[PDB]
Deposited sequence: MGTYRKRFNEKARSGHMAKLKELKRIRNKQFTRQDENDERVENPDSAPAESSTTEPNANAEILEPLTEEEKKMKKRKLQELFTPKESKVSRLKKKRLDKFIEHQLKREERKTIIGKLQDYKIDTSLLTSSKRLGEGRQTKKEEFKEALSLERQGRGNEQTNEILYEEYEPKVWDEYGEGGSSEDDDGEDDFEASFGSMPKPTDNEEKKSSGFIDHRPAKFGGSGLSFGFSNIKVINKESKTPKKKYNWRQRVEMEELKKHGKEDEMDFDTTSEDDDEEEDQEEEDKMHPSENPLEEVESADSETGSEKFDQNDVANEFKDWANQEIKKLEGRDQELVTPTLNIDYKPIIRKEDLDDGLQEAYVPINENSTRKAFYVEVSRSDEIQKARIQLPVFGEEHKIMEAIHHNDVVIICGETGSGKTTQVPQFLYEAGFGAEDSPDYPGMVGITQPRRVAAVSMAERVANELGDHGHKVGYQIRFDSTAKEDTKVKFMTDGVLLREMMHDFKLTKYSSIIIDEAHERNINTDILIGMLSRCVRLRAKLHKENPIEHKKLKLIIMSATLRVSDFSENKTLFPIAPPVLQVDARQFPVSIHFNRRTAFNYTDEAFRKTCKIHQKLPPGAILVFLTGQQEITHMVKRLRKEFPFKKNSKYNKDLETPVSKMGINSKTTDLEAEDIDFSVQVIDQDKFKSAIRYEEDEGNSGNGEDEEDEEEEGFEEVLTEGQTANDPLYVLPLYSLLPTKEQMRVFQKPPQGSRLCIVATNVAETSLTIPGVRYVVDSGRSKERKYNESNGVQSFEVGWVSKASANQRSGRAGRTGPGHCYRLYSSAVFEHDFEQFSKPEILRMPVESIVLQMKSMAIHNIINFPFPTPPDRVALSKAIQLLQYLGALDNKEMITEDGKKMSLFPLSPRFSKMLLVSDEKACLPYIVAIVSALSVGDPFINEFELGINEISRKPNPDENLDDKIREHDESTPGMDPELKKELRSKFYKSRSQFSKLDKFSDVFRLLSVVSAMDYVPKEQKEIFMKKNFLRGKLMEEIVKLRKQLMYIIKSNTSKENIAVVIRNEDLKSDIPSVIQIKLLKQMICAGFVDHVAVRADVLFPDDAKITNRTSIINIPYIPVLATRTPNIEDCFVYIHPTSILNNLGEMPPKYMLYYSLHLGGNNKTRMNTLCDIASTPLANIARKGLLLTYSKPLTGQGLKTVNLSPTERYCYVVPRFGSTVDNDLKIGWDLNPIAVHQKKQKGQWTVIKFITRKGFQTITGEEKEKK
């Protein structure tokens, strides 16, 4: 009721007083009492994850005798293992009340009667809000690890902002029947402005509580210049610190495991056991040399627990601890005695942009906020130093102020489909902590209707639910749904994995003197080995290389990448994704274990590659470009002599301008299409459009598509209108009743002749089966020339 008396052992209680959050109990509880929403900032090691549910439990949260907080305390974690290990920790810590702690890591499981403090995943809470949005079961909700900005955590916070508001309104109407809901958002960092200062999320700003003790100052040292070889500059800087500066451990921030492993051994080999620069004014203390040993250790998420745990050990006497890490060391447990940070200023992050034609997983500059978080790592135990391996001008102009959340680095239609499967109806006005653009949101809902994932009322369909089962862009999930025809499924999973991961082919990002011409000969010979399936499709060049990979032995892999100018990491990743999709497909046809041998396939037949282009079309129906001379010959200025990269194309649904040349897109010089001795295809399917270096928009081409296959896909994809029945020789309308007919129509793809400020075009005349439904003729199916001839013969 008022308070709950918990009995803990002296060992357990003394361990709790040591935690930085322990003394913050009264400030935290004063904020919760006066505010329905509270934001708590404290690093990992502060104890806020394990202590705040206990502070609530002790104040009467979850107590049946409580007139205010009878409901449970719910705590989300972004990972299943974190929720279980956290529940285990708090159960021990709560002593004689330890039986009141539980976890939920499945939707299936029903909680135990004594569970009053429940640790779960975001997914479990999201599912619970589908069954009961009000979450009447809870008195409180703690959203931990909110600085990660995971897409489902952001949706959950958005949903909860509305839930807390409604719980507040119902409580004001009837405090007996309706209880308050306490929302606590937790962050390892101070970067909470997208939660605290967002008025759509929180109209009245919630208090932000700082639980950490104050840090020590850190002197920031920029380099005069920004070195291209940053691992070389990082190695150089690390050695200079070790050889010249007083005691204190070193922390190096690199981008990945291979850079780490290479530097770790380069440093171990440099300091083994038995002009003018900033930040080198300090000298070595007595009993310290320039050639002392360096105890080097790697630090990355993939390392085994026993290897990760070594970063906390004191280095051997007479040596210096040097940690070589990725951004895991940005918000991890405090590595003791660090007074030197070597910052490369970069990280490998997945980027994706709308209207910009961006899709990358690569090394780029980090935000100013991440650079500062890296810097502050040197001032945890005492005043430290940070060595930035870039200039202050590059920092100021090339580093963005803030790090981009996941919701802005992932396809907008993936976010919309995920929300729609959760029965979140109004997307346009959803209170996102960081909202995607309204135009992009509107475009994502329309795309989903073209893919059949949402119906005419914008509700999730049966196909949309199946597509939501894959960790893929709905374009790719659509392709999978239509692929199980004439055994094309293994080919589509291969294409979809390759397109999803990125382009493994290295192009003339190298040489396009005598040695340069010699390498182009090997380049083109390699490129032509994967161009054998179709002469128009860059997508089957991907299928060929991915299919070749499966027949290459593990030892020979590296030379296979070298001979063929291939991104090895990308090829390994495609094999990983194909196995993950194969696991999902097989697991939905009822334990499943996919091996490298299950991925091996034979060459697709002529019928199969025709069908695959149509399956690609289903996922990319709004991404068709017509050869400009079929629409605007005078403006196109295409001769039989024009080069392939100079022949313009017009994307369907492109917005018209006074000058049609504004709508022109062109074949990329790296495309298979450049080897054509003929006029390129009338209709081309494209992955994406890129605003090129020569100021020309270039198509990232997939494959060609013929008129009738495009018509079939555009009919199901709702991008077709038809003309009135055609009149002509052997074209005559055959009426089965005044409500049923078979006739020839001209299909209109995309946009009508009348609506000429958006690009559309006519397809080849086609035989059609039509039924007069609600006073208007509707196309039931397309008919072949032979099919039509038999119907005209039957009548």
property: Missing C-alpha runs, given along the deposited sequence, first residue counted as 1; result: 1-372, 647-709, 948-976, 1055-1058, 1264-1267
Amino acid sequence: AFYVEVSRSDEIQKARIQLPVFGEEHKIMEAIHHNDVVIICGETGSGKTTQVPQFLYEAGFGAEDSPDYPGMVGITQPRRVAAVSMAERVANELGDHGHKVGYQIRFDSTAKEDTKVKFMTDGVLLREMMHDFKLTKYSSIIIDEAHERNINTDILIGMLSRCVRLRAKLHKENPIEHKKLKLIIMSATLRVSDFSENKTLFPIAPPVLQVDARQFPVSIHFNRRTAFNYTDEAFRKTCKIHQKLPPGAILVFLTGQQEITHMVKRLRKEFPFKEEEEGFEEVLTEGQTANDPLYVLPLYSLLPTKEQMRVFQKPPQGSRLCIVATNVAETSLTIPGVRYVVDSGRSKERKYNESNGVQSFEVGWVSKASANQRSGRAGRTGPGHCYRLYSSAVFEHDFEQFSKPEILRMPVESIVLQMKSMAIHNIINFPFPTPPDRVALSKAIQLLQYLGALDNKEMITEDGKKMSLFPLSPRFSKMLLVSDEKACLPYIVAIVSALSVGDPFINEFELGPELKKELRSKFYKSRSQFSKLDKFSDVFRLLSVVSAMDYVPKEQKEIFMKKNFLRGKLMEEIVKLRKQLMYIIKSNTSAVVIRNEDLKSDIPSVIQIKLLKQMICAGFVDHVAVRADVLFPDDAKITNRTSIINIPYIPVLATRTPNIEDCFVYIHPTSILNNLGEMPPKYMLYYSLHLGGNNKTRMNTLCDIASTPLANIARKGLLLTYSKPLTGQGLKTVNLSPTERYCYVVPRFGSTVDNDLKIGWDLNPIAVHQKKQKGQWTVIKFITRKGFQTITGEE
From here on, numbers count along this sequence of modelled residues.
| item | value |
| --- | --- |
| Stretch exceeding the other in mean C-alpha B-factor - 198-206, 369-377 | 198-206 |
| Between the two ranges 448-456 and 352-360, the one averaging a larger CA B factor in the entry | 352-360 |
| Selection from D132, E113, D398, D662 [criterion: highest C-alpha temperature factor in the record] | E113 |
| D754, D68, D762, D36, ranked by C-alpha B-factor: the highest one | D754 |
| Relative C-alpha B-factor of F61, binned into the chain's lowest, middle or highest third | lowest |
| Ranked against its chain, the third holding the CA B-factor of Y742 | highest |
| Ranked C-alpha temperature factor of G42 among modelled chain residues, by third | middle |
| Among modelled residues of the same chain, the CA temperature factor third for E177 | middle |
| Third of the chain's Cα B-factor distribution that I28 belongs to, per the entry | lowest |
